[PDB]
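Structure, as structure tokens:
There are 2 protein chains.
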Amino acid sequence: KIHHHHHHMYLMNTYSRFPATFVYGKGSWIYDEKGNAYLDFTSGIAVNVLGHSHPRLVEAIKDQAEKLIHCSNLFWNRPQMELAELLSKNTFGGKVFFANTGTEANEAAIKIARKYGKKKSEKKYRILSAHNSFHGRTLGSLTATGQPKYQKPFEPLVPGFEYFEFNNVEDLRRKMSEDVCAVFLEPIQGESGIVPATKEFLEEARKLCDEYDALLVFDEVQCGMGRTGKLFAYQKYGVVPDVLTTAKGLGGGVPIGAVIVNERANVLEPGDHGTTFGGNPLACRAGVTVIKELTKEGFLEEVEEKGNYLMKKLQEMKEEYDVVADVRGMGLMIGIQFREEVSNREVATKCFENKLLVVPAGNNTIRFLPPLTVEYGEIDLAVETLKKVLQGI
Amino acid sequence: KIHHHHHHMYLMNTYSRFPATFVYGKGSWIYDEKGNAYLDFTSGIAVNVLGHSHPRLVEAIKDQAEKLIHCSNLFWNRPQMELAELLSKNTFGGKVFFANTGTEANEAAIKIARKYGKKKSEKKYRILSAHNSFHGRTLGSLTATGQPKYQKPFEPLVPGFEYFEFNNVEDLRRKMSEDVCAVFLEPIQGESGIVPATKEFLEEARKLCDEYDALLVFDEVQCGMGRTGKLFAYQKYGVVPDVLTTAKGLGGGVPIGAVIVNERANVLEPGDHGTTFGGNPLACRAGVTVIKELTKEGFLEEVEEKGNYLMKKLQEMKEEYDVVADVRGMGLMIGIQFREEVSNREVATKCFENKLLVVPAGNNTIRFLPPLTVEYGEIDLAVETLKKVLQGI
Ligand SMILES: Cc1ncc(COP(=O)(O)O)c(C=O)c1O
Ligand SMILES: Cc1ncc(COP(=O)(O)O)c(C=O)c1O
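The structure is reproduced here in structure tokens:
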């Protein structure tokens, strides 16, 4: 009875969805109400880092729910303290604020940057972000998101934001001034179609932020929590931000977000910012379980090997298939761009019809975002399914 | 063992906390790491509607976690669809959008209002909200939040917001214009110290929104989900908004938020707004469990009786204790205001020392926000403990 053909009318029409009602999932597979199995190379849009309903995650959720779900930030709880320690120790050693989502994490970052700048000067509230970036949908994050189509209906947005071309050193440099309090960057742009930063570009952004006394903020909501083959992309690049935001895979499915700051950026005082749900024991328990799994000896090294193997197969496909214009990415975050004559959305629909789930993105791309636990055989099955789709496109 | 005495070092200093690490809770009671039991009249700030770790909620969480935690809004899931149906049918019959938090629900409402306004005119983007309101900390919601102390460090905020005095018909009338797309009101202001709207004031807001073609938006994040003795406060008042926002108690401790719209306010299109985590099956399963419990025959009527019983005891206390200036609220949302010579924060600390947890708010108040499952004897115990505190204050 409860099915998308019957219950759609209770939901606002905010999404373009594939026509499936999913009721059960394990690992890389998800099942509709009829028991049809789908190979899930979406991971819920880069969230299901350990796949669906991973047994260790499920056991931690069950255990914690029996003990304490929510107490608020009037008090301290053990999962929140443990997760803050683990995030600090596995990054650049700073302090943590828990939010519930990526956009909320980025909003906290914006607020940190504004407070940092305002201490120096009332004029130092400008924020730079990239054209084609995606930082979230709440109004602060939406102003940072360098995509007019998402902004226009909701204007006027937050004053003081300006945009530069991703990977264009000189364009970033020429937009800097002493009035800038932060530069926001995705180390790999996601929604725009999987576009890795060059190391030179990130190194430049770091130097500029140092020269103009601005905070360098890396949005690792999509590329973070193991997906590049290191815990965070910044660790692959060797460029350390002042502020790092994370969400998506942090909870392995359970909603959570976080901001990590160095001492320079540790500017918030009691009352400046907060959240009812953020830092709750249930979500933080999930995050503890996830970070412990990802940091086990050898886990990330095997993600890197799997990323290399998937990339090799897709590069072979790119050479062979004239409709494939480009393949790019890092680790298990990979975009496949098609020639203009072929619709990315049609490719995704045909994949879906053949029981493979992929995520469309800009620049006429689909994204392969499998769970980090994805098996070599599942990688091959996904590539073969995509090839079969392209043969008939 | 993990404890706030050490682990505070990993957390940003964004909160003024009571000095307790809590590890376990059931019902109206929460326990520290030493096994001391505290009577929790915070409900995690109006969140734990069924108390801590209610067995039916816990069972639902465990069952859903074993099945499917997160699939994203690329697809449909049964809990999301069921919860949307239940929210629609138990309110004014509209459509639902799932967010993760109160602030995110209010951000969606702002965006709905702007989309609505822009259909009529490019100038019709202005939003009105009340002085001393609280709508959230993300930058859209923060602009709606009528509290300069929370805004100033982060300016400039979103242009086009203006404020009026809560319960002041003349001030609301003055601020209306054809360029207003929404009026935001908490039916009972929470953070300001539990200040119910008058029915007259809400009826006037409804008439004015009709006259100026604006959306009336009720923020029921704190007063909703059963706390006033009806599912939503608007149902006690008999004034129906165009848009309703809810979070906190919706998930019984699991993070979730929602916006409900009538057809007039049903204006978002695919791509206009979205969220990774919003509408996930785990959180929506919690929401289904909660709404089914609250809507059981007699449940809300008993919340009303308990509210009346608590209010009677507090009114007797007010008459008896000169340091108590006022008691106000509705159902189990109650504020106790002290004479200026007595610090609400000192009262809350002394309650804490005597194993009763309460939530400070504005206007020199403490808030009693017990779970809606609070027992009559627990009510008496809280009141007796408070009285003992006031005897030595
Ligand atoms: C890089 C990036 N930042 C922020 C977000 C927003 O995260 P959320 O949907 O959890 O609010 C996303 C999700 O699309 C993202 O890809
Ligand atoms: C009336 C009201 N609106 C919005 C919010 C913000 O909710 P959240 O902390 O879940 O973002 C709250 C919480 O303080 C609330 O009391």
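Top line first, the protein sequences correspond to chains A and B.
Each residue of the first sequence is one higher than the one before, starting from -7 at the first, in the deposited numbering.
Each residue of the second sequence is one higher than the one before, starting from -7 at the first, in the deposited numbering.
Cβ atoms here follow ideal geometry from the backbone N, Cα and C, with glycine treated the same way.
Nearest to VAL253/A by C-alpha distance, out of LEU3/B, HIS(-2)/B, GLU285/B, is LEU3/B. Relative to ligand 2, the beta carbon of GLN139/B is positioned no closer than 7 Å to any heavy atom. Taking a contact as a CB-CB distance under 8 Å, the pair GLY244/B and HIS46/B counts as one, their CB atoms being some 7 Å apart. According to the DSSP assignment, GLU293/B belongs to the alpha helix (DSSP H) that extends over 291 to 312.
Here the alpha carbons of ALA250/B and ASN92/B stand approximately 8 Å from one another. Shortest gap from the CB of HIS127/B to any heavy atom of ligand 2: under 7 Å.
DSSP places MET322/A in no alpha helix (DSSP H) but in the uninterrupted beta strand (DSSP E) bounded by 316 to 322.
Look at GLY182/A: its beta carbon is less than 7 Å from one of the heavy atoms in ligand 1. Annotation for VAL175/A: the continuous beta strand (DSSP E) segment containing it runs 172 to 177. In terms of CA proximity to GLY323/B, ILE186/B leads the group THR287/B, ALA239/B, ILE186/B. Excluding the 5 residues flanking it on each side, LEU75/B has same chain C-beta neighbours closer than 6 Å at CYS276, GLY279, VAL280, in chain order.
Interface annotation, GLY109/A: not in contact with chain B, CB-CB separation never under 8 Å. Listed along chain A are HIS(-1), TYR2, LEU3, each with a C-beta nearer than 8 Å to that of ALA76/B. Just so you know, the alpha carbons of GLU296/A and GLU178/B end up roughly 50 Å apart.
For the pair of segments examined, the region 126 to 142 of chain A was found not to touch the region 283 to 300 of chain A: the number of CB pairs separated by less than 8 Å stays below three. Shown here is that no member of the region 324 to 337 of chain B has a Cβ falling below 7 Å from a Cβ of chain A. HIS265/B sits in coil when the DSSP states are folded into three classes, being neither helix nor strand.
Among the CB atoms of chain B, none fall inside 8 Å of the CB of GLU370/A.
The Cβ atoms of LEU236/A and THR6/B lie no closer than 8 Å to each other.
Under the Cβ distance rule, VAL50/A counts among the residues neighbouring chain B, one pair being separated by less than 8 Å. Buried is the label assigned to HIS44/B, since at least 16 other Cβ atoms lie within 10 Å of its Cβ. Residues of the region 111 to 131 of chain B with a C-beta less than 8 Å from any C-beta of chain A: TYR117, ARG129, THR130, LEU131, listed in chain order. For a Cβ distance threshold of 9 Å, residue set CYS63, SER64, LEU66, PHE67 of chain B lies close to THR34/A, ordered along the chain. Per DSSP, reduced to three states, the secondary structure at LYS115/A is coil, with no helix or strand assignment. Counting only residues of its own chain and dropping the five nearest sequence neighbours on each side, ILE326/B has a CB closer than 6 Å to the CB of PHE360.
No heavy atom of ligand 1 is found nearer than 7 Å to the CB of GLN72/B. The CB of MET73/B comes closer than 9 Å to the CB of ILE(-6), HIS(-5), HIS(-4), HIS(-2), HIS(-1), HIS0, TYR2, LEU3, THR13 in chain A, given here in chain order. Of the residues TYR23/A, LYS59/A, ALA105/A, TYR117/A, the one whose Cα lies closest to the Cα of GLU255/A is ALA105/A. Annotation: the continuous alpha helix (DSSP H) that includes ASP372/A extends over 368 to 383. Under DSSP, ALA250/A takes part in a beta bridge, and its partners are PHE90/A, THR238/A. The Cβ of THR137/B sits no closer than 8 Å to any Cβ of chain A. Between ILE248/A and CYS215/A, the CB-CB gap reaches or exceeds 8 Å. DSSP places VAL280/A in the uninterrupted alpha helix (DSSP H) bounded by 273 to 286. Counting only residues of its own chain and dropping the five nearest sequence neighbours on each side, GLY152/B has a CB closer than 7 Å to the CB of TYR117, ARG118, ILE119.
Judged by pairs of C-beta atoms under 8 Å, the region 52 to 72 of chain B touches the region 10 to 24 of chain A, as three or more such pairs exist. Taking every protein chain shown into account, the CB of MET1/A has fewer than 16 other CB atoms within 10 angstroms, so this residue is exposed.
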